[PDB]
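As structure tokens, the structure follows; a few thoughts come after it.
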Amino acid sequence: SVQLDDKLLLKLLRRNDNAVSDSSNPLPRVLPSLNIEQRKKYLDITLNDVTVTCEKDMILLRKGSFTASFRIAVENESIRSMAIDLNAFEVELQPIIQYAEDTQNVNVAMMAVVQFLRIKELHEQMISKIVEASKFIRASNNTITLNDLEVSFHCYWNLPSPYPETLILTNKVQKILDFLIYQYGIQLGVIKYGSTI
Amino acid sequence: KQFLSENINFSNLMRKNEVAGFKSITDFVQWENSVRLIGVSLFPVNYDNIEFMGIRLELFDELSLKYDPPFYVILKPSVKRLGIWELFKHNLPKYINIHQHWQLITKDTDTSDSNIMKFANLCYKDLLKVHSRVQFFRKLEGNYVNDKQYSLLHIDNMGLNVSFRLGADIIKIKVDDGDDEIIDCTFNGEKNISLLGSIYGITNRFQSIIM
Ligand SMILES: [Ca+2]
């Protein structure tokens, strides 16, 4: 039953009540309730698929059996020193965290480890959908094979921004696959590229 | 109960009855300020007869190291399509195409926690191409290159157009999203192909090479 001073959000819930009335007495006079219960259930479905936890001073981000540990130091009110440790994912993620830990830029670190796990789950369920949908077999996350042909799946970074884009390679030919993924789309194209060539 | 702050200021994350199932309201706000760091967040606006769903979009600025104020996009529980969300009040820059992203994802038909996470991540992404791209020009202030100082003169809202001085000569530039490519350059006023290549690698490493 706590009345929150948020004070941006309260200036917003008022504004567009007022900005649509610029079209010619719309003010709230009432403040929202706060209940930690729902607030948590929301922060849950935003992390969904991954847990955040804290053993001071470090704060762990974990999707099963993977741990990205961020130890952070703050001299009020500003961050100073950030440091990081991973497992098994050092290489795949390396380039973006070169940047992150090098600027001591925190959210770039996190949001990139989040979206890497998401591009990894996307590829893994993309490769499942391909293997059972045709004659293909699997080696690791990276690769699938049909006879003499090897198609790799994995992410690259445009170094500034934490959002990875996907890169589907193969032993040559490249021009051909790349275009059958664009026109016919990543699954139906990589199915088609396992017929012609 | 006011240990919760609107901005995600760094102190809340550190030092030292069940609330949320957690230990105490402090140890909840340590967890909440932790998660929120990712820059994207889901949080409830709760009223007695309704609950809106807000979307926290927060950038980390490295000049003074702190986050910029949270941006909110807010979603109303719908009517006439009964159990789904619809768009309500947004303060976001006018460069972010907010509505084209809503349709690209939900098609207005299915609004699902799964699909709404995909919705922010699209907005937030367009927000960091712009911010990260402006900020790269702020970070160079005071830095030399070729032992000539760089000061910045002017940059526009979203930073396609820029003017800096490099040690006594004025370079102007124009950029094209989302290539972050430099399409035009004016060196001391005359046309220049040298710096042209790209917004990052080429505007340090290629500034030394020819000019
Ligand atoms: Ca409803």
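FYI, it's all coordinate maths here, none of it is from the lab. Every residue, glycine among them, receives a Cβ derived from its backbone with ideal geometry; neighbour counts consider all protein chains shown.
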### Query
Of all the residues that make up the stretch B:83-94, how many are within 16 Å of the ligand (Cβ to nearest atom) and surrounded by fewer than 14 Cβ atoms within 10 Å (Cβ to Cβ)?
1
### Residue within the stretch B:155-162 that is assigned to a strand (DSSP E or B), more than 16 Å from the ligand (Cβ to nearest atom), in contact with a helix residue (DSSP H, G or I) (Cβ under 9 Å, 6 or more places away or on another chain) and within 14 Å of chain A (Cβ to nearest Cβ) present
no
### Query
On the given criteria, is B:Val40 at the interface with chain A (Cβ under 8 Å from one of its Cβ atoms) and farther than 15 Å from A:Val106 by Cβ?
no
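Return the residue satisfying two criteria in turn: it lies in the stretch B:100-111 and is out of contact with any helix residue (DSSP H, G or I) (no Cβ under 8 Å at 6 or more places or on another chain) and of a type in the set (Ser, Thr, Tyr), and of such residues it is surrounded by the fewest Cβ atoms within 10 Å (Cβ to Cβ).
Among them, the one singled out is B:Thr109.
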### Pair list, Cβ under 8 Å, 6 or more apart: the stretch A:121-143 residue within 19 Å of A:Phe66 (Cβ to Cβ), other residue among the hydroxyl-bearing types (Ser, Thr, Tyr) and not in a helix (DSSP H, G or I)
A:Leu122/A:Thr166; A:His123/A:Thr166; A:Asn142/A:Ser152
### Task
Filter the stretch B:197-211 down to residues that are surrounded by 13 or more Cβ atoms within 10 Å (Cβ to Cβ) and assigned to a helix (DSSP H, G or I), then give me how many there are.
5
### Task
Counting only residues that are over 20 Å from B:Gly201 (Cβ atoms) and hydroxyl-bearing (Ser, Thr, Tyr), give me the strands (runs of 3 or more DSSP E) lying completely in the stretch A:90-187 with at least 1 of them.
A:143-146, A:149-156, A:165-170
### Query
If we scan the stretch A:33-46, do we find a residue that is loosely packed, with under 11 Cβ neighbours inside 10 Å and either at negative phi or more than 8 Å from chain B (Cβ to nearest Cβ) (or both)?
no
### Task
Please go through the stretch A:47-71 and pick out each residue that is surrounded by fewer than 18 Cβ atoms within 10 Å (Cβ to Cβ), more than 27 Å from B:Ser112 (Cβ to Cβ) and within 9 Å of chain B (Cβ to nearest Cβ).
A:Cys54, A:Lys56, A:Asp57
### Query
If we scan the stretch A:157-176, do we find a residue that is in contact with a helix residue (DSSP H, G or I) (Cβ under 8 Å, 6 or more places away or on another chain), closer than 30 Å to B:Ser41 by Cβ and surrounded by fewer than 18 Cβ atoms within 10 Å (Cβ to Cβ)?
yes
### Query
Checking B:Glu62 against (1) over 22 Å from A:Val30 (Cβ atoms); (2) within 15 Å of the ligand (Cβ to nearest atom), which single condition isn't satisfied?
(2)
### Message
Take B:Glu32 and tell me if it is out of contact with any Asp or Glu (no Cβ under 6 Å at 6 or more places or on another chain), over 22 Å from A:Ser81 (Cβ atoms) and surrounded by 14 or more Cβ atoms within 10 Å (Cβ to Cβ).
### Response
yes
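Condition check ((1) within 15 Å of the ligand (Cβ to nearest atom); (2) among the hydrophobic types (A, V, I, L, M, F, W, C)) across all residues:
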{"site": "B:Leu37", "(1), (2)": "no, yes"}
{"site": "B:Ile50", "(1), (2)": "yes, yes"}
{"site": "B:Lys66", "(1), (2)": "no, no"}
{"site": "B:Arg81", "(1), (2)": "yes, no"}
{"site": "B:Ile96", "(1), (2)": "no, yes"}
{"site": "B:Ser114", "(1), (2)": "no, no"}
### Summary
Over the stretch B:99-134, the set of residues among the hydrophobic types (A, V, I, L, M, F, W, C) and farther than 30 Å from B:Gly201 by Cα is B:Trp102, B:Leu104, B:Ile105, B:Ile116, B:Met117, B:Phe119
### Task
Quick one: count up the residues across the stretch A:182-197 that are under 30 Å from A:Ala109 (Cβ atoms) and either of a type outside the set (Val, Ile, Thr) or touching a strand residue (DSSP E or B) at 6+ places or on another chain (Cβ under 6 Å) (or both).
0
### Message
Can you find a residue that is among the small types (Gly, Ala, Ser) and within 26 Å of A:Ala68 (Cα to Cα) anywhere in the stretch B:48-63?
### Response
no
